[PDB]
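Novice: Starting off with a structure, shown below.
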Amino acid sequence: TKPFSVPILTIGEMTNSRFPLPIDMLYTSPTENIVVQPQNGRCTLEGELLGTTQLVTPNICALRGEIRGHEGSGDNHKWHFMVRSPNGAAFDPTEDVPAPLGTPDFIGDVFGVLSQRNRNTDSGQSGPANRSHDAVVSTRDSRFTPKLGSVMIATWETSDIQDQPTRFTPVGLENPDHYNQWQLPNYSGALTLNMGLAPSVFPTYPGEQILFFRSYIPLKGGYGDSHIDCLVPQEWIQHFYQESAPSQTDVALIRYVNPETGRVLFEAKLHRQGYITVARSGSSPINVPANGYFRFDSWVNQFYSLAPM
Amino acid sequence: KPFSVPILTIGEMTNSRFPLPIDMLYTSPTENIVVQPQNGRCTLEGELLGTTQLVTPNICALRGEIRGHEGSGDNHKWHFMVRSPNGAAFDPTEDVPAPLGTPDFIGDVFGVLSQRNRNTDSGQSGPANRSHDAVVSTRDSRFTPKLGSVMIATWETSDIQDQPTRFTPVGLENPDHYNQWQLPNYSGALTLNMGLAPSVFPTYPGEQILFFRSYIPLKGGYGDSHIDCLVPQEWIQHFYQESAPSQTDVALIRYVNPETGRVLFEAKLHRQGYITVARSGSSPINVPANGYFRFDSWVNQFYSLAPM
């Protein structure tokens, strides 16, 4: 039985798995009122990718495909973005996935850059024409239907968008007005339920909360200190995916350690479905050193009593 | 835990010189080029070199504070006081070329400048924010990140405050002045660079460097621009954590198809963190998308590779 393990990278050395951002802190809070069901950054401890999760960091919340026309012009140009899988393959809507891999997994107005590289070269030119422009992909729009193969991408007054191969690089949120990181988009549009979902996560043992890896997410404008939380860092997903170490029970006991002092700082449960719980009530800061990281100790069960974090 | 490389496919990792998926393997002669990138540099024992750091979205990112305009007479140009990615002040006397993640090529890097004010106004629920398209020209005379500042240019001419600022890289403004193998002058004109990761070149006859190639977006202009790294970012993160002792100067690695089990070609993985193969010219490297390298054994500079 290959021994299970987690990376030794510090949070200052890894990346958020729900948006391509550095990780700024650990964070916990009660979530009884909330359904925590993200679809990116989902992996079992044996390395099974779930939801829309894929391995390439810059493809998290990216879109790739081509523009084919538009509906809405003048003041706000709204282009028909036919989306493909990140590997360039045509997306098959009957694949057993919620949406193309990497699709945003939250309600919001994602701000980024729409880039195009034309598929042919004009006679005598040094290569194909290119253009990049600010754009927003609103995941709450009725035209956000990635599971059906298309989303709408908007460029405001920019009308210089061609029917050409197109990539969307995410940068942040247009504003915080309609952002809810825990509400899933309707991947097939209105009146059709989502499918293929990574399961919702919640603590089952009294006194426990989920532990999150938190990143600040930029805003194009507006007031707020917006952030996005993932269940495990992208590097952990890549680690489990390669290791495929057998899960001996449903719960791995992991301990956060200071490698300089050698001191164990707190303990946590790492669950088979790929999330962490800790013994803590409330939202107060998690005071840990920058050099700290988790270390697998042993396999336990759902009833293991954690020391208070 | 002897030496190993990741089993991820190129379709599963990321360029170490710009935050991009990797599109193909690529090789070509480089006798008339100096290959001395400063990002994506790591020894096989896990020693990061040059400006290399571990966070993918910090590759070619900049973090710090805007402090007014750069010089006078151009309201498009801002004085960007740069800091280390972890928030610490950058010490120009540290033995590195520049702040970690600084771009390592000559070009006009296009991206987004984002600001979040350090205070919340009474009556508002959080700090004010603004983001604007921006260019960091690494050929500018005011590109002096080793001295603690760069000039950042915007199309916006007023809506930029003296507030905490981060630059998210996206691509190149155009291909006109891009040269991926020419280093910037990190301290500006007439001062040499310091603390450099060493240049790499094939010393064995018949060999070429093997590159991991990514297409890089252009804001405008004509071209199919790309950027090449020596090893993927995931390899850097792997070696950094494993810290496996290098038994010789050369690890023999073989590219394998895990479905058929068949070994496809062999390559030298050098102690300083780059790959050479026995190939002449720049014709395509015909391998399956599921292929990956596997460590075979420690050899030496004399080993004769099978023709790739």
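Ordered as shown in the structure tokens, chains take letters A, B, and onward, while each chain numbers its residues from 1 and ligands are numbered from 1 in the order shown.
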Residues within 10 Å of residue 36 of chain A, please, as a list in words. Count only C-alpha atoms; anything in the same chain fewer than 4 positions from it doesn't count.
Specialist: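 Once the nearby chain positions are removed, what remains is residues 31, 32, 181, 182, 183, 184, 199, 200, 201, 202, 210 and 231 of chain A.
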Novice: What lies within 10 Å of residue 35 of chain B using only C-alpha atoms, ignoring chain neighbours under 3 positions off, as a ChimeraX atom specification?
Specialist: /B:30-32,38,180-183,198-201,209,230
Novice: Please return, as a ChimeraX atom specification, all residues of chain B lying within 9 Å of chain A when only C-alpha atoms are considered.
Specialist: /B:6-8,11-14,19-21,53-58,85-86,111-112,114-116,120,124-133,166,168,170,173-174,217-225,234,237,240-241
Novice: Do you know which residues are at most 6 Å from segment 271-274 of chain A counting only C-alpha atoms, after dropping those on the same chain fewer than 5 positions away, and could you put them as a PDB file with N, CA and C atoms, in the first residue's frame?
Specialist:
```pdb
ATOM      1  N   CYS A  43     -10.752  16.866  -6.100  1.00  0.00           N
ATOM      2  CA  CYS A  43      -9.986  15.663  -6.376  1.00  0.00           C
ATOM      3  C   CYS A  43     -10.116  14.757  -5.165  1.00  0.00           C
ATOM      4  N   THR A  44     -10.264  13.453  -5.389  1.00  0.00           N
ATOM      5  CA  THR A  44     -10.182  12.546  -4.247  1.00  0.00           C
ATOM      6  C   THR A  44      -8.728  12.357  -3.797  1.00  0.00           C
ATOM      7  N   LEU A  45      -8.566  11.771  -2.610  1.00  0.00           N
ATOM      8  CA  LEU A  45      -7.215  11.582  -2.093  1.00  0.00           C
ATOM      9  C   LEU A  45      -6.450  10.535  -2.885  1.00  0.00           C
ATOM     10  N   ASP A 250     -11.651   6.596   5.243  1.00  0.00           N
ATOM     11  CA  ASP A 250     -12.287   7.795   4.708  1.00  0.00           C
ATOM     12  C   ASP A 250     -11.650   9.089   5.202  1.00  0.00           C
ATOM     13  N   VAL A 251     -10.728   9.029   6.158  1.00  0.00           N
ATOM     14  CA  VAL A 251     -10.212  10.243   6.795  1.00  0.00           C
ATOM     15  C   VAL A 251      -8.731  10.080   7.068  1.00  0.00           C
TER      16      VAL A 251
END
```
Novice: As a CSV table (one decimal) with N, CA and C atoms, in the first residue's frame, please: every residue in segment 40-285 of chain B that DSSP puts in strand (DSSP E or B).
Specialist:
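Ended up saving to result-v4.csv:
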```csv
chain,number,residue,atom,x,y,z
B,42,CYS,N,16.0,25.8,-12.2
B,42,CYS,CA,16.1,25.0,-10.9
B,42,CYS,C,17.1,23.8,-11.2
B,48,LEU,N,16.5,26.7,-6.6
B,48,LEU,CA,16.0,27.7,-7.5
B,48,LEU,C,17.1,28.7,-7.9
B,62,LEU,N,4.0,41.5,-11.1
B,62,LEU,CA,4.7,42.5,-10.3
B,62,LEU,C,3.8,42.9,-9.2
B,63,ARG,N,4.3,43.2,-8.0
B,63,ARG,CA,3.5,43.6,-6.9
B,63,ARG,C,4.2,44.7,-6.2
B,64,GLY,N,3.4,45.7,-5.7
B,64,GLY,CA,4.0,46.8,-5.0
B,64,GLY,C,3.1,48.0,-4.9
B,65,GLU,N,3.6,49.2,-5.1
B,65,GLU,CA,2.8,50.4,-5.0
B,65,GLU,C,3.1,51.4,-6.1
B,66,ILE,N,2.1,52.0,-6.6
B,66,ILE,CA,2.3,53.2,-7.5
B,66,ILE,C,2.6,54.4,-6.7
B,67,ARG,N,3.6,55.2,-7.2
B,67,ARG,CA,4.0,56.4,-6.5
B,67,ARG,C,4.1,57.5,-7.6
B,68,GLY,N,3.0,58.0,-8.0
B,68,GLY,CA,2.9,59.1,-9.0
B,68,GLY,C,3.4,58.7,-10.4
B,69,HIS,N,3.6,59.7,-11.2
B,69,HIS,CA,4.0,59.5,-12.6
B,69,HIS,C,5.5,59.2,-12.7
B,77,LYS,N,2.3,57.1,-18.0
B,77,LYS,CA,3.4,56.4,-17.5
B,77,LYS,C,3.5,56.6,-16.0
B,78,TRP,N,3.5,55.5,-15.2
B,78,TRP,CA,3.4,55.5,-13.8
B,78,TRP,C,4.7,54.9,-13.2
B,79,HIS,N,5.1,55.4,-12.0
B,79,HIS,CA,6.3,54.9,-11.3
B,79,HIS,C,5.8,53.8,-10.4
B,80,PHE,N,6.2,52.6,-10.6
B,80,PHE,CA,5.7,51.4,-10.0
B,80,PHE,C,6.8,50.9,-9.0
B,81,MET,N,6.7,51.1,-7.7
B,81,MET,CA,7.7,50.7,-6.8
B,81,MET,C,7.5,49.2,-6.5
B,82,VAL,N,8.4,48.3,-6.9
B,82,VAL,CA,8.2,46.9,-6.9
B,82,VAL,C,8.8,46.3,-5.6
B,83,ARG,N,8.1,45.2,-5.2
B,83,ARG,CA,8.3,44.6,-3.9
B,83,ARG,C,8.4,43.1,-4.2
B,106,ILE,N,13.2,40.5,-23.2
B,106,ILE,CA,13.0,41.8,-23.8
B,106,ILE,C,11.6,41.8,-24.5
B,108,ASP,N,7.3,43.9,-24.6
B,108,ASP,CA,6.3,44.8,-24.0
B,108,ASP,C,5.2,43.8,-23.5
B,109,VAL,N,5.3,43.7,-22.2
B,109,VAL,CA,4.4,42.7,-21.5
B,109,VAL,C,3.0,43.4,-21.3
B,110,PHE,N,2.0,42.8,-21.9
B,110,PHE,CA,0.6,43.3,-21.7
B,110,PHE,C,-0.1,42.6,-20.6
B,111,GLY,N,-0.9,43.3,-19.8
B,111,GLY,CA,-1.6,42.7,-18.7
B,111,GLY,C,-2.6,43.7,-18.1
B,112,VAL,N,-2.9,43.4,-16.9
B,112,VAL,CA,-3.9,44.2,-16.1
B,112,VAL,C,-3.3,44.7,-14.8
B,113,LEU,N,-3.3,46.0,-14.6
B,113,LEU,CA,-2.9,46.7,-13.4
B,113,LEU,C,-4.1,46.7,-12.5
B,114,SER,N,-4.1,46.1,-11.3
B,114,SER,CA,-5.2,46.1,-10.3
B,114,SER,C,-4.8,46.8,-9.0
B,115,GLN,N,-5.7,47.6,-8.5
B,115,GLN,CA,-5.4,48.3,-7.2
B,115,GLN,C,-6.5,48.0,-6.2
B,116,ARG,N,-6.1,47.8,-5.0
B,116,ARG,CA,-7.1,47.8,-3.8
B,116,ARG,C,-6.5,48.8,-2.8
B,128,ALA,N,-11.9,50.7,-1.9
B,128,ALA,CA,-12.1,50.9,-3.3
B,128,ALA,C,-11.1,50.1,-4.2
B,129,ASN,N,-11.5,49.8,-5.4
B,129,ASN,CA,-10.7,49.0,-6.4
B,129,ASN,C,-10.8,49.7,-7.7
B,130,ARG,N,-9.7,49.5,-8.5
B,130,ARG,CA,-9.7,49.8,-9.9
B,130,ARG,C,-8.7,48.9,-10.7
B,131,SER,N,-9.1,48.4,-11.9
B,131,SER,CA,-8.2,47.7,-12.7
B,131,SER,C,-8.2,48.3,-14.1
B,132,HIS,N,-7.0,48.4,-14.7
B,132,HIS,CA,-6.8,49.0,-16.0
B,132,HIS,C,-5.8,48.2,-16.9
B,133,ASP,N,-6.0,48.1,-18.2
B,133,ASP,CA,-5.0,47.5,-19.1
B,133,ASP,C,-3.7,48.3,-18.9
B,134,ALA,N,-2.6,47.5,-19.0
B,134,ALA,CA,-1.3,48.1,-18.7
B,134,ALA,C,-0.2,47.4,-19.5
B,135,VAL,N,0.9,48.0,-19.8
B,135,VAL,CA,2.1,47.4,-20.4
B,135,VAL,C,3.3,47.7,-19.5
B,136,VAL,N,4.1,46.7,-19.3
B,136,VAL,CA,5.4,46.8,-18.7
B,136,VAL,C,6.4,46.5,-19.8
B,137,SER,N,7.1,47.6,-20.2
B,137,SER,CA,8.1,47.4,-21.3
B,137,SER,C,9.4,47.1,-20.6
B,144,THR,N,13.8,49.2,-14.1
B,144,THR,CA,14.9,49.0,-13.2
B,144,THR,C,14.5,48.2,-12.0
B,149,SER,N,12.1,49.6,-8.9
B,149,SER,CA,11.0,50.3,-9.6
B,149,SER,C,11.0,49.9,-11.1
B,150,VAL,N,9.8,49.9,-11.7
B,150,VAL,CA,9.6,49.9,-13.1
B,150,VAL,C,8.7,51.0,-13.6
B,151,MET,N,8.7,51.3,-14.9
B,151,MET,CA,7.6,52.2,-15.4
B,151,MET,C,6.5,51.3,-15.9
B,152,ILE,N,5.3,51.6,-15.5
B,152,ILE,CA,4.1,50.9,-16.1
B,152,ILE,C,3.3,51.9,-16.8
B,153,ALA,N,2.8,51.5,-18.0
B,153,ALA,CA,2.1,52.4,-18.9
B,153,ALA,C,0.6,51.9,-19.0
B,154,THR,N,-0.3,52.9,-19.0
B,154,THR,CA,-1.7,52.6,-19.1
B,154,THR,C,-2.3,53.4,-20.3
B,164,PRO,N,-1.7,50.2,-3.2
B,164,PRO,CA,-1.1,48.8,-3.5
B,164,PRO,C,-1.6,48.3,-4.8
B,165,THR,N,-0.7,47.8,-5.6
B,165,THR,CA,-0.9,47.5,-7.0
B,165,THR,C,-0.3,46.2,-7.4
B,166,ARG,N,-1.0,45.4,-8.2
B,166,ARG,CA,-0.5,44.2,-8.8
B,166,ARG,C,-0.7,44.2,-10.3
B,167,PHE,N,0.3,43.6,-11.0
B,167,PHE,CA,0.2,43.5,-12.4
B,167,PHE,C,0.0,42.0,-12.7
B,168,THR,N,-1.1,41.6,-13.4
B,168,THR,CA,-1.4,40.3,-13.9
B,168,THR,C,-0.9,40.2,-15.3
B,169,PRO,N,0.0,39.4,-15.7
B,169,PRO,CA,0.5,39.3,-17.1
B,169,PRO,C,-0.5,38.5,-17.9
B,170,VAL,N,-0.7,38.9,-19.2
B,170,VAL,CA,-1.6,38.2,-20.1
B,170,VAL,C,-0.9,37.8,-21.4
B,171,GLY,N,-0.1,38.7,-21.9
B,171,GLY,CA,0.6,38.4,-23.1
B,171,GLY,C,1.6,39.5,-23.5
B,172,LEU,N,1.8,39.7,-24.8
B,172,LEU,CA,2.6,40.7,-25.3
B,172,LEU,C,1.8,41.8,-26.0
B,179,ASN,N,12.0,39.7,-27.9
B,179,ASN,CA,13.1,38.7,-28.1
B,179,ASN,C,13.2,37.9,-26.8
B,200,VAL,N,22.9,28.0,-20.9
B,200,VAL,CA,22.8,26.6,-21.2
B,200,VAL,C,23.1,26.4,-22.7
B,207,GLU,N,23.9,17.3,-30.5
B,207,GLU,CA,22.8,17.5,-29.5
B,207,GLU,C,22.2,18.9,-29.7
B,208,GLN,N,21.0,19.0,-29.3
B,208,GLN,CA,20.3,20.3,-29.2
B,208,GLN,C,19.5,20.4,-27.9
B,209,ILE,N,19.2,21.6,-27.5
B,209,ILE,CA,18.3,21.7,-26.3
B,209,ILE,C,16.9,21.4,-26.7
B,210,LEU,N,16.2,20.7,-25.8
B,210,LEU,CA,14.7,20.4,-25.9
B,210,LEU,C,13.9,21.4,-25.1
B,211,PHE,N,13.0,22.1,-25.8
B,211,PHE,CA,12.2,23.1,-25.1
B,211,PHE,C,10.7,22.7,-25.0
B,212,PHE,N,10.1,23.3,-23.9
B,212,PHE,CA,8.6,23.2,-23.8
B,212,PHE,C,8.0,24.5,-24.2
B,213,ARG,N,7.2,24.5,-25.3
B,213,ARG,CA,6.8,25.7,-26.0
B,213,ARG,C,5.4,26.0,-25.8
B,214,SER,N,5.1,27.2,-25.5
B,214,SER,CA,3.7,27.8,-25.3
B,214,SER,C,3.5,28.9,-26.3
B,215,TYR,N,2.3,29.0,-26.9
B,215,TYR,CA,1.8,30.2,-27.6
B,215,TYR,C,1.4,31.3,-26.6
B,218,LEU,N,-1.1,38.0,-28.1
B,218,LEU,CA,-0.7,39.3,-28.6
B,218,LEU,C,-1.9,40.2,-28.5
B,220,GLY,N,-2.0,42.9,-30.3
B,220,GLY,CA,-2.2,43.3,-31.7
B,220,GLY,C,-1.0,42.9,-32.5
B,221,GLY,N,-1.1,43.1,-33.8
B,221,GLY,CA,0.0,42.8,-34.6
B,221,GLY,C,-0.1,41.4,-35.3
B,222,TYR,N,1.0,41.1,-36.1
B,222,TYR,CA,1.0,39.9,-36.9
B,222,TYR,C,2.0,39.0,-36.5
B,226,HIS,N,5.4,32.8,-29.5
B,226,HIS,CA,5.5,31.7,-28.5
B,226,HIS,C,6.6,32.1,-27.5
B,227,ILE,N,6.7,31.3,-26.4
B,227,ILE,CA,7.8,31.4,-25.5
B,227,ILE,C,8.2,30.0,-25.0
B,228,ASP,N,9.5,29.7,-24.9
B,228,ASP,CA,10.0,28.4,-24.6
B,228,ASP,C,10.6,28.4,-23.2
B,229,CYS,N,10.3,27.3,-22.5
B,229,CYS,CA,10.9,27.1,-21.2
B,229,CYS,C,11.8,25.8,-21.2
B,250,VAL,N,24.5,14.3,-15.2
B,250,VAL,CA,23.5,14.0,-16.3
B,250,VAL,C,22.6,12.8,-15.8
B,251,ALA,N,21.3,13.1,-15.8
B,251,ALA,CA,20.3,12.0,-15.6
B,251,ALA,C,19.8,11.6,-17.0
B,252,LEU,N,19.9,10.3,-17.3
B,252,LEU,CA,19.3,9.8,-18.5
B,252,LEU,C,17.8,9.7,-18.3
B,253,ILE,N,17.0,10.3,-19.1
B,253,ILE,CA,15.5,10.2,-19.0
B,253,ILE,C,15.0,9.7,-20.4
B,254,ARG,N,13.9,9.0,-20.3
B,254,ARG,CA,13.3,8.4,-21.5
B,254,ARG,C,11.8,8.8,-21.5
B,255,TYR,N,11.3,9.2,-22.7
B,255,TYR,CA,9.9,9.5,-22.9
B,255,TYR,C,9.2,8.3,-23.2
B,256,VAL,N,8.1,8.0,-22.5
B,256,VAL,CA,7.4,6.8,-22.6
B,256,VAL,C,5.9,7.0,-22.9
B,263,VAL,N,8.9,2.8,-25.0
B,263,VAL,CA,9.9,3.9,-24.8
B,263,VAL,C,10.0,4.6,-26.1
B,264,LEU,N,9.8,5.9,-26.2
B,264,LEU,CA,9.8,6.6,-27.4
B,264,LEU,C,11.1,7.2,-27.9
B,265,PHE,N,11.8,7.9,-26.9
B,265,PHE,CA,13.1,8.4,-27.2
B,265,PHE,C,13.8,8.7,-25.9
B,266,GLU,N,15.1,9.0,-25.9
B,266,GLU,CA,15.9,9.3,-24.7
B,266,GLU,C,16.5,10.7,-24.8
B,267,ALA,N,16.8,11.2,-23.7
B,267,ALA,CA,17.3,12.6,-23.5
B,267,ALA,C,18.2,12.7,-22.3
B,268,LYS,N,19.1,13.7,-22.3
B,268,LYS,CA,19.9,14.0,-21.1
B,268,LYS,C,19.2,15.1,-20.3
B,269,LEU,N,19.0,14.9,-19.0
B,269,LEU,CA,18.6,15.9,-18.1
B,269,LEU,C,19.8,16.4,-17.3
B,270,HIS,N,20.2,17.6,-17.5
B,270,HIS,CA,21.5,18.1,-17.0
B,270,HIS,C,21.2,18.6,-15.6
B,274,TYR,N,18.1,21.5,-17.6
B,274,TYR,CA,17.7,21.6,-18.9
B,274,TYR,C,18.0,20.2,-19.6
B,275,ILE,N,17.4,20.1,-20.8
B,275,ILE,CA,17.3,18.8,-21.5
B,275,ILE,C,18.0,19.0,-22.8
B,276,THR,N,18.8,18.0,-23.2
B,276,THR,CA,19.3,17.9,-24.6
B,276,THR,C,18.9,16.6,-25.2
B,277,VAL,N,18.8,16.6,-26.5
B,277,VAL,CA,18.4,15.4,-27.3
B,277,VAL,C,19.4,15.4,-28.5
B,278,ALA,N,19.5,14.2,-29.1
B,278,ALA,CA,20.3,13.9,-30.3
B,278,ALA,C,19.4,14.1,-31.5
```
Novice: At what distance in Å, to one decimal, does atom CA of residue 89 of chain A lie from atom CA of residue 290 of chain B?
Specialist: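 Atom CA of residue 89 of chain A lies 14.6 Å from atom CA of residue 290 of chain B.
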Novice: Rank A:283, A:215, A:142, A:150 by their smallest atom-to-atom distance to residue 103 of chain A, using only C-alpha atoms, and report the top residue only.
Specialist: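 Checking each candidate against residue 103 of chain A, we get A:150 as the closest.
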Novice: Please, what distance in Å, to one decimal, runs between atom CA of residue 42 of chain A and atom CA of residue 83 of chain A?
Specialist: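 Taking atom CA of residue 42 of chain A as the start and atom CA of residue 83 of chain A as the end point, the length is 21.5 Å.
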Novice: So which residues of segment 49-233 of chain B fall under helix (DSSP H, G or I) by DSSP, listed as a list in words?
Specialist: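 The helix (DSSP H, G or I) residues within segment 49-233 of chain B come out as residues 56, 57, 58, 145, 146, 147 and 233 of chain B.
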Novice: Restricting it to N, CA and C atoms, dump the selection as a short mmCIF file (atom, residue, chain, number, x, y, z; two decimals), in the first residue's frame.
Specialist:
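Dumped everything to part_20.cif:
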```
data_model
loop_
_atom_site.label_atom_id
_atom_site.label_comp_id
_atom_site.auth_asym_id
_atom_site.auth_seq_id
_atom_site.Cartn_x
_atom_site.Cartn_y
_atom_site.Cartn_z
N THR B 56 2.77 29.80 -9.80
CA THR B 56 2.58 29.99 -11.24
C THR B 56 2.03 31.37 -11.58
N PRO B 57 0.98 31.87 -10.93
CA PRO B 57 0.47 33.19 -11.31
C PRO B 57 1.40 34.34 -10.93
N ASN B 58 2.51 34.07 -10.25
CA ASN B 58 3.48 35.12 -9.99
C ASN B 58 4.58 35.18 -11.05
N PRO B 145 13.88 47.03 -12.20
CA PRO B 145 13.34 46.28 -11.05
C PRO B 145 14.40 45.92 -10.01
N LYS B 146 15.64 45.68 -10.42
CA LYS B 146 16.71 45.41 -9.47
C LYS B 146 16.95 46.61 -8.55
N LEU B 147 16.64 47.82 -9.02
CA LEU B 147 16.74 49.00 -8.18
C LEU B 147 15.45 49.31 -7.44
N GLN B 233 6.88 24.29 -14.97
CA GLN B 233 6.81 24.75 -13.58
C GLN B 233 6.60 23.60 -12.61
#
```
Novice: Could you give me, as a ChimeraX atom specification, the residues within 9 Å of residue 244 of chain A, counting only C-alpha atoms and dropping anything in the same chain fewer than 6 positions from it?
Specialist: /A:2,4,45-48
Novice: Pick from A:146, A:65, A:38, A:104: nearest to residue 189 of chain A, with only C-alpha atoms counted?
Specialist: A:146
Novice: I'd like the neighbourhood of residue 292 of chain A as a VMD selection string, where a residue qualifies if any of its atoms comes within 7 Å (using only C-alpha atoms), though same-chain residues fewer than 3 positions away should be ignored.
Specialist: chain A and resid 10 256 to 259 288 to 289
Novice: Any idea what's packed within 8 Å of residue 139 of chain A, counting only C-alpha atoms, ignoring anything in its chain fewer than 6 positions away? Could you give it as a count of residues only?
Specialist: 8
Novice: Have a look at atom CA of residue 143 of chain B and atom CA of residue 187 of chain B and let me know their distance in Å, one decimal.
Specialist: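 Between atom CA of residue 143 of chain B and atom CA of residue 187 of chain B the gap works out to 7.4 Å.
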